[PDB]
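**Q** My structure is in my_file.cif, and what it holds is mmCIF, N, CA, C and O atoms (P, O5', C5', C4', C3', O3' and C1' of nucleotides):
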data_target
loop_
_atom_site.label_atom_id
_atom_site.label_comp_id
_atom_site.auth_asym_id
_atom_site.auth_seq_id
_atom_site.Cartn_x
_atom_site.Cartn_y
_atom_site.Cartn_z
N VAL A 2 0.13 3.44 15.53
CA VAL A 2 -0.62 3.53 14.22
C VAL A 2 0.17 4.31 13.13
O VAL A 2 -0.24 4.32 11.96
N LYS A 3 1.32 4.89 13.50
CA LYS A 3 2.09 5.71 12.58
C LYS A 3 3.54 5.33 12.26
O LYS A 3 4.17 4.52 12.92
N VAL A 4 4.09 5.94 11.23
CA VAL A 4 5.48 5.69 10.91
C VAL A 4 6.33 6.58 11.79
O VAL A 4 6.07 7.77 11.88
N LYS A 5 7.35 5.97 12.41
CA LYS A 5 8.31 6.59 13.34
C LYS A 5 9.60 6.68 12.62
O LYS A 5 10.08 5.67 12.16
N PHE A 6 10.19 7.86 12.54
CA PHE A 6 11.48 7.96 11.88
C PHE A 6 12.32 9.03 12.47
O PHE A 6 11.94 9.68 13.43
N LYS A 7 13.47 9.21 11.87
CA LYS A 7 14.34 10.27 12.30
C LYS A 7 14.60 11.08 11.15
O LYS A 7 14.98 10.58 10.09
N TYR A 8 14.46 12.34 11.36
CA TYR A 8 14.75 13.19 10.29
C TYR A 8 15.57 14.37 10.77
O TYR A 8 15.14 15.11 11.65
N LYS A 9 16.74 14.55 10.19
CA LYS A 9 17.57 15.66 10.61
C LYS A 9 17.62 15.75 12.15
O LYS A 9 17.27 16.77 12.76
N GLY A 10 18.00 14.64 12.79
CA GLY A 10 18.18 14.67 14.22
C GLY A 10 16.99 14.68 15.13
O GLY A 10 17.05 15.21 16.28
N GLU A 11 15.90 14.12 14.64
CA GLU A 11 14.75 14.02 15.49
C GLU A 11 13.79 12.95 15.07
O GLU A 11 13.76 12.54 13.90
N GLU A 12 13.06 12.46 16.07
CA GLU A 12 12.09 11.42 15.91
C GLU A 12 10.81 12.12 15.50
O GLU A 12 10.49 13.24 15.93
N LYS A 13 10.05 11.41 14.69
CA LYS A 13 8.86 11.95 14.14
C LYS A 13 7.93 10.78 13.91
O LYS A 13 8.33 9.59 13.75
N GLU A 14 6.67 11.15 13.87
CA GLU A 14 5.67 10.17 13.62
C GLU A 14 4.64 10.78 12.74
O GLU A 14 4.23 11.91 12.92
N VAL A 15 4.27 10.02 11.73
CA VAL A 15 3.33 10.51 10.77
C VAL A 15 2.39 9.38 10.49
O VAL A 15 2.79 8.25 10.48
N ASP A 16 1.13 9.70 10.28
CA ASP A 16 0.10 8.71 10.05
C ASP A 16 0.21 8.39 8.59
O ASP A 16 0.40 9.29 7.77
N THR A 17 0.15 7.10 8.28
CA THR A 17 0.26 6.64 6.91
C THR A 17 -0.63 7.36 5.96
O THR A 17 -0.21 7.70 4.86
N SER A 18 -1.84 7.66 6.41
CA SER A 18 -2.74 8.39 5.54
C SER A 18 -2.08 9.71 5.03
O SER A 18 -2.48 10.28 4.01
N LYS A 19 -1.03 10.19 5.72
CA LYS A 19 -0.35 11.41 5.30
C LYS A 19 0.69 11.23 4.21
O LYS A 19 1.29 12.20 3.71
N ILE A 20 0.95 10.00 3.83
CA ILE A 20 1.97 9.85 2.83
C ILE A 20 1.52 10.26 1.43
O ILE A 20 0.38 10.11 1.09
N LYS A 21 2.41 10.90 0.71
CA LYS A 21 2.12 11.31 -0.60
C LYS A 21 2.74 10.27 -1.47
O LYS A 21 2.07 9.56 -2.24
N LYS A 22 4.06 10.21 -1.33
CA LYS A 22 4.83 9.33 -2.17
C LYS A 22 5.88 8.59 -1.47
O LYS A 22 6.51 9.10 -0.61
N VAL A 23 6.10 7.38 -1.94
CA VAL A 23 7.01 6.39 -1.36
C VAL A 23 7.82 5.65 -2.42
O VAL A 23 7.32 5.36 -3.49
N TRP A 24 9.06 5.29 -2.08
CA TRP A 24 9.90 4.61 -3.00
C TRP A 24 10.97 3.97 -2.27
O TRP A 24 11.21 4.28 -1.09
N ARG A 25 11.67 3.10 -2.97
CA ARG A 25 12.67 2.32 -2.32
C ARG A 25 14.04 2.79 -2.66
O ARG A 25 14.25 3.20 -3.80
N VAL A 26 14.96 2.76 -1.68
CA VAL A 26 16.38 3.12 -1.86
C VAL A 26 17.21 2.08 -1.10
O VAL A 26 17.52 2.21 0.10
N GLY A 27 17.61 1.02 -1.78
CA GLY A 27 18.37 -0.01 -1.09
C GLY A 27 17.40 -0.66 -0.12
O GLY A 27 16.30 -1.08 -0.51
N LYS A 28 17.79 -0.75 1.14
CA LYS A 28 16.87 -1.29 2.10
C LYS A 28 16.05 -0.21 2.74
O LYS A 28 15.17 -0.52 3.56
N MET A 29 16.29 1.04 2.36
CA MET A 29 15.50 2.14 2.93
C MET A 29 14.14 2.48 2.20
O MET A 29 14.07 2.49 0.93
N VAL A 30 13.10 2.74 2.98
CA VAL A 30 11.82 3.15 2.41
C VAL A 30 11.73 4.66 2.61
O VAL A 30 11.66 5.19 3.80
N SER A 31 11.75 5.36 1.49
CA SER A 31 11.81 6.80 1.52
C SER A 31 10.47 7.39 1.14
O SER A 31 9.68 6.75 0.39
N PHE A 32 10.22 8.64 1.54
CA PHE A 32 8.91 9.17 1.21
C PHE A 32 8.72 10.61 1.50
O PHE A 32 9.52 11.25 2.21
N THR A 33 7.63 11.10 0.93
CA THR A 33 7.18 12.42 1.22
C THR A 33 5.82 12.24 1.93
O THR A 33 5.17 11.20 1.80
N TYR A 34 5.41 13.25 2.68
CA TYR A 34 4.17 13.22 3.43
C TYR A 34 3.65 14.62 3.67
O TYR A 34 4.42 15.56 3.84
N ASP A 35 2.34 14.75 3.73
CA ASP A 35 1.66 16.02 3.94
C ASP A 35 1.82 16.61 5.34
O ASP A 35 1.56 15.98 6.34
N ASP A 36 2.25 17.84 5.41
CA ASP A 36 2.42 18.53 6.67
C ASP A 36 1.67 19.87 6.53
O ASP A 36 2.29 20.92 6.39
N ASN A 37 0.34 19.80 6.48
CA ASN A 37 -0.48 21.01 6.32
C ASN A 37 -0.47 21.66 4.92
O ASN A 37 -0.76 22.84 4.83
N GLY A 38 -0.18 20.92 3.85
CA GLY A 38 -0.13 21.52 2.54
C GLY A 38 1.36 21.61 2.25
O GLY A 38 1.80 21.60 1.11
N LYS A 39 2.15 21.70 3.32
CA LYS A 39 3.62 21.75 3.24
C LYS A 39 4.07 20.28 2.96
O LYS A 39 3.37 19.34 3.33
N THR A 40 5.21 20.05 2.32
CA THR A 40 5.60 18.65 2.05
C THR A 40 6.78 18.12 2.82
O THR A 40 7.94 18.42 2.48
N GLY A 41 6.51 17.29 3.84
CA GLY A 41 7.58 16.74 4.66
C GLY A 41 8.33 15.62 3.96
O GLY A 41 7.88 15.11 2.94
N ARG A 42 9.46 15.23 4.52
CA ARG A 42 10.27 14.18 4.03
C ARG A 42 10.63 13.22 5.16
O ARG A 42 10.98 13.65 6.26
N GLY A 43 10.55 11.92 4.94
CA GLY A 43 10.91 11.05 6.05
C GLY A 43 11.44 9.77 5.45
O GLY A 43 11.11 9.50 4.30
N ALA A 44 12.23 9.02 6.20
CA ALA A 44 12.74 7.73 5.74
C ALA A 44 12.89 6.84 6.94
O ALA A 44 13.24 7.27 8.04
N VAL A 45 12.63 5.59 6.73
CA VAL A 45 12.78 4.59 7.75
C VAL A 45 13.21 3.27 7.05
O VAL A 45 12.98 3.08 5.85
N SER A 46 13.85 2.37 7.78
CA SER A 46 14.30 1.07 7.26
C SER A 46 13.09 0.14 7.03
O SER A 46 12.09 0.25 7.70
N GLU A 47 13.21 -0.82 6.13
CA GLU A 47 12.06 -1.68 5.93
C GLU A 47 11.79 -2.55 7.15
O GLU A 47 10.63 -2.93 7.38
N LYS A 48 12.84 -2.81 7.94
CA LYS A 48 12.59 -3.63 9.10
C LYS A 48 11.72 -2.80 10.05
O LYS A 48 10.84 -3.34 10.69
N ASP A 49 11.86 -1.48 10.06
CA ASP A 49 10.99 -0.70 10.95
C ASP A 49 9.79 -0.14 10.21
O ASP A 49 9.00 0.59 10.81
N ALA A 50 9.65 -0.47 8.92
CA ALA A 50 8.51 0.08 8.14
C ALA A 50 7.30 -0.81 8.43
O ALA A 50 7.46 -2.01 8.53
N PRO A 51 6.11 -0.22 8.67
CA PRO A 51 4.85 -0.95 8.96
C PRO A 51 4.16 -1.41 7.65
O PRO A 51 4.20 -0.70 6.64
N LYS A 52 3.52 -2.57 7.69
CA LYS A 52 2.80 -3.16 6.59
C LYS A 52 2.11 -2.19 5.66
O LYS A 52 2.51 -2.02 4.53
N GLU A 53 1.05 -1.55 6.11
CA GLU A 53 0.39 -0.57 5.26
C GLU A 53 1.36 0.11 4.33
O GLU A 53 1.19 0.07 3.11
N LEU A 54 2.37 0.75 4.93
CA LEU A 54 3.42 1.49 4.18
C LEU A 54 4.13 0.65 3.14
O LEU A 54 4.40 1.08 2.03
N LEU A 55 4.48 -0.53 3.57
CA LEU A 55 5.09 -1.48 2.68
C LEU A 55 4.11 -1.74 1.52
O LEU A 55 4.54 -1.90 0.36
N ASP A 56 2.80 -1.77 1.85
CA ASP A 56 1.73 -2.00 0.85
C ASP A 56 1.64 -0.85 -0.12
O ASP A 56 1.35 -1.05 -1.32
N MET A 57 1.89 0.36 0.38
CA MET A 57 1.78 1.48 -0.53
C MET A 57 2.94 1.45 -1.46
O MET A 57 2.81 1.71 -2.68
N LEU A 58 4.07 1.11 -0.90
CA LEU A 58 5.27 1.03 -1.71
C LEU A 58 5.13 0.03 -2.85
O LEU A 58 5.53 0.29 -3.95
N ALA A 59 4.57 -1.12 -2.54
CA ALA A 59 4.40 -2.18 -3.50
C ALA A 59 3.57 -1.70 -4.61
O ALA A 59 4.01 -1.70 -5.75
N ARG A 60 2.36 -1.28 -4.28
CA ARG A 60 1.51 -0.78 -5.32
C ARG A 60 2.32 0.24 -6.15
O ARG A 60 2.59 -0.01 -7.32
N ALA A 61 2.77 1.34 -5.55
CA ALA A 61 3.52 2.36 -6.31
C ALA A 61 4.51 1.74 -7.27
O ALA A 61 4.59 2.14 -8.41
N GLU A 62 5.27 0.77 -6.81
CA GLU A 62 6.23 0.10 -7.68
C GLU A 62 5.44 -0.62 -8.78
O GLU A 62 5.71 -0.36 -9.95
N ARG A 63 4.48 -1.48 -8.41
CA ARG A 63 3.63 -2.22 -9.36
C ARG A 63 3.15 -1.24 -10.41
O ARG A 63 3.28 -1.45 -11.62
N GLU A 64 2.58 -0.15 -9.94
CA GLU A 64 2.14 0.88 -10.84
C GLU A 64 3.40 1.59 -11.35
O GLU A 64 4.51 1.10 -11.20
N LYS A 65 3.25 2.76 -11.93
CA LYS A 65 4.40 3.40 -12.54
C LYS A 65 4.48 2.57 -13.83
O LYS A 65 4.69 3.18 -14.91
P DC B 1 34.75 12.86 4.20
"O5'" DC B 1 34.69 12.16 2.76
"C5'" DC B 1 35.73 11.28 2.34
"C4'" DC B 1 35.16 10.20 1.45
"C3'" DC B 1 33.94 10.76 0.74
"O3'" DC B 1 33.90 10.36 -0.62
"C1'" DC B 1 33.44 8.74 1.69
P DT B 2 32.97 11.19 -1.64
"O5'" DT B 2 32.12 10.08 -2.43
"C5'" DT B 2 32.82 9.06 -3.13
"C4'" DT B 2 31.91 7.91 -3.53
"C3'" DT B 2 30.59 8.30 -4.15
"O3'" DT B 2 30.56 7.88 -5.51
"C1'" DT B 2 30.30 6.58 -2.44
P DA B 3 29.20 8.09 -6.38
"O5'" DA B 3 28.81 6.57 -6.73
"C5'" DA B 3 28.80 5.62 -5.69
"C4'" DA B 3 27.59 4.72 -5.74
"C3'" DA B 3 26.26 5.32 -6.25
"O3'" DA B 3 25.66 4.57 -7.31
"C1'" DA B 3 26.00 4.49 -3.95
P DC B 4 24.56 5.26 -8.27
"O5'" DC B 4 23.17 4.75 -7.66
"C5'" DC B 4 22.98 3.36 -7.39
"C4'" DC B 4 21.79 3.16 -6.48
"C3'" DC B 4 20.66 4.17 -6.73
"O3'" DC B 4 19.51 3.62 -7.27
"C1'" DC B 4 21.17 3.98 -4.36
P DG B 5 18.63 4.52 -8.30
"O5'" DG B 5 17.47 5.23 -7.46
"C5'" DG B 5 16.59 4.46 -6.68
"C4'" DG B 5 15.37 5.27 -6.37
"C3'" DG B 5 14.93 6.15 -7.54
"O3'" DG B 5 13.51 6.07 -7.60
"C1'" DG B 5 15.65 7.48 -5.63
P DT B 6 12.64 7.07 -8.51
"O5'" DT B 6 12.49 8.41 -7.67
"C5'" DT B 6 11.72 8.41 -6.48
"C4'" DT B 6 11.68 9.80 -5.88
"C3'" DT B 6 11.40 10.96 -6.85
"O3'" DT B 6 10.38 11.77 -6.27
"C1'" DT B 6 13.26 11.44 -5.49
P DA B 7 9.59 12.82 -7.18
"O5'" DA B 7 9.51 14.08 -6.23
"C5'" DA B 7 9.28 13.88 -4.85
"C4'" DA B 7 9.85 15.02 -4.05
"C3'" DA B 7 9.48 16.41 -4.54
"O3'" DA B 7 9.42 17.17 -3.35
"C1'" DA B 7 11.80 16.25 -4.47
P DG B 8 8.36 18.34 -3.19
"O5'" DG B 8 9.19 19.30 -2.21
"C5'" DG B 8 9.69 18.76 -0.96
"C4'" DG B 8 10.87 19.56 -0.46
"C3'" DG B 8 10.72 21.08 -0.48
"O3'" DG B 8 11.43 21.66 0.64
"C1'" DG B 8 12.52 20.45 -1.87
P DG B 9 10.94 23.07 1.28
"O5'" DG B 9 11.79 24.19 0.49
"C5'" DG B 9 13.20 24.04 0.21
"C4'" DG B 9 13.65 25.04 -0.85
"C3'" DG B 9 13.89 26.47 -0.36
"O3'" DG B 9 14.58 27.17 -1.40
"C1'" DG B 9 11.92 26.36 -1.73
"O5'" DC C 1 22.99 20.64 -11.03
"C5'" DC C 1 24.15 21.54 -10.76
"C4'" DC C 1 24.52 21.70 -9.30
"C3'" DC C 1 25.07 20.43 -8.65
"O3'" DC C 1 26.09 20.83 -7.72
"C1'" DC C 1 22.94 21.00 -7.67
P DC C 2 26.46 19.90 -6.46
"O5'" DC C 2 25.11 19.97 -5.62
"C5'" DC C 2 25.03 20.85 -4.54
"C4'" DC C 2 24.33 20.17 -3.39
"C3'" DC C 2 24.87 18.77 -3.10
"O3'" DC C 2 24.62 18.49 -1.72
"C1'" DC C 2 22.67 18.58 -3.75
P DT C 3 25.82 17.97 -0.76
"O5'" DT C 3 25.07 17.91 0.65
"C5'" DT C 3 24.26 19.02 1.10
"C4'" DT C 3 22.92 18.57 1.65
"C3'" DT C 3 22.89 17.32 2.53
"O3'" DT C 3 22.09 17.55 3.69
"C1'" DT C 3 21.26 17.13 0.83
P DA C 4 22.46 16.79 5.07
"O5'" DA C 4 21.13 16.00 5.45
"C5'" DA C 4 19.88 16.59 5.27
"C4'" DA C 4 18.83 15.52 5.33
"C3'" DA C 4 19.42 14.30 5.99
"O3'" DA C 4 18.63 13.83 7.04
"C1'" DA C 4 18.57 13.73 3.82
P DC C 5 19.28 12.80 8.09
"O5'" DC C 5 18.64 11.40 7.67
"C5'" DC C 5 17.24 11.34 7.55
"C4'" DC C 5 16.83 10.09 6.83
"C3'" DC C 5 17.73 8.95 7.29
"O3'" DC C 5 17.08 7.99 8.14
"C1'" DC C 5 17.45 9.06 4.85
P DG C 6 17.95 6.98 9.02
"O5'" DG C 6 18.06 5.66 8.17
"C5'" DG C 6 16.90 4.86 7.93
"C4'" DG C 6 17.33 3.54 7.33
"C3'" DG C 6 18.30 2.79 8.21
"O3'" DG C 6 18.03 1.37 8.14
"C1'" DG C 6 19.40 3.47 6.23
P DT C 7 19.09 0.31 8.80
"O5'" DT C 7 20.13 -0.12 7.64
"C5'" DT C 7 19.69 -0.52 6.35
"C4'" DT C 7 20.86 -0.84 5.44
"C3'" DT C 7 22.02 -1.55 6.12
"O3'" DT C 7 22.42 -2.64 5.30
"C1'" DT C 7 22.83 0.28 4.88
P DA C 8 23.10 -3.89 5.96
"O5'" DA C 8 24.31 -4.20 4.99
"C5'" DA C 8 24.03 -4.32 3.61
"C4'" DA C 8 24.90 -3.37 2.80
"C3'" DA C 8 26.35 -3.82 2.61
"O3'" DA C 8 26.49 -4.12 1.23
"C1'" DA C 8 26.18 -1.46 2.91
P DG C 9 27.43 -5.33 0.77
"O5'" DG C 9 28.64 -4.53 0.13
"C5'" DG C 9 28.37 -3.53 -0.86
"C4'" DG C 9 29.59 -2.67 -1.09
"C3'" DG C 9 30.92 -3.41 -0.89
"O3'" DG C 9 31.78 -3.14 -2.00
"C1'" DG C 9 30.93 -1.40 0.34
#
Now, as a test, write the supplied structure out as structure tokens.

**A**
Amino acid sequence: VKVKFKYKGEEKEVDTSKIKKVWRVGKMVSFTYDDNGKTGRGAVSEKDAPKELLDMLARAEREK
DNA sequence: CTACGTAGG
DNA sequence: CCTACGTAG
């Protein structure tokens, strides 16, 4: 149910509902996410990015 | 080793 | 300022 990525040498999983912001960098989907009020950072490839997330990205792009 | 987007302490 | 991320150049 969550986004799986690697950040600074480790695998992580975050529930989409935790995403704050998302944007595109080449083929990479980059983002920030809530970690208790603290702001995490994560990135994953679009091939490994899950629909919902891709959906958030689209809207964000559409908007702006 | 550079580029690309964006924010973090 | 500048790294971190995935992928290409």

**Q** What are the closest atom pairs, with distances in Å to one decimal, for each residue of chain C lying within 5 Å of chain A, using only N, CA, C and O atoms (P, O5', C5', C4', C3', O3' and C1' of nucleotides), rows by chain and rising residue number, as CSV?

**A**
residue,atom,partner,partner_atom,distance
C:4,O3',A:9,N,3.7
C:5,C5',A:7,O,3.5
C:6,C4',A:46,N,3.7

**Q** How would you write, as a list in words, the residues chosen by the PyMOL selection byres ((chain B) within 7 of (chain A)) on this structure?

**A** residues 4, 5, 6, 7, 8 and 9 of chain B

**Q** Please return as a PyMOL selection string every residue within 7 Å of (0.2, 8.2, 10.6), taking into account only N, CA, C and O atoms (P, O5', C5', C4', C3', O3' and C1' of nucleotides) and the file's own coordinates.

**A** chain A and resi 2-4+14-19

**Q** So the first atom is atom CA of residue 12 of chain A and the second is atom CA of residue 50 of chain A; what is the distance between them in Å, to one decimal place?

**A**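 Computing the Euclidean distance for atom CA of residue 12 of chain A and atom CA of residue 50 of chain A yields 14.2 Å.
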
**Q** Which of chain A counts as strand (DSSP E or B) under DSSP, as a VMD selection string please?

**A** chain A and resid 3 to 7 12 to 16 20 to 26 29 to 37 39 to 46

**Q** To one decimal in Å, tell me the separation between atom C1' of residue 3 of chain C and atom CA of residue 20 of chain A.

**A**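 Between atom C1' of residue 3 of chain C and atom CA of residue 20 of chain A the gap works out to 20.7 Å.
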
**Q** Chain A: which residues are helix (DSSP H, G or I) by DSSP, as a VMD selection string?

**A** chain A and resid 17 to 19 52 to 63

**Q** Hey, can you check how far atom O of residue 11 of chain A sits from atom C of residue 62 of chain A?

**A**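 Atom C of residue 62 of chain A lies 27.5 Å from atom O of residue 11 of chain A.
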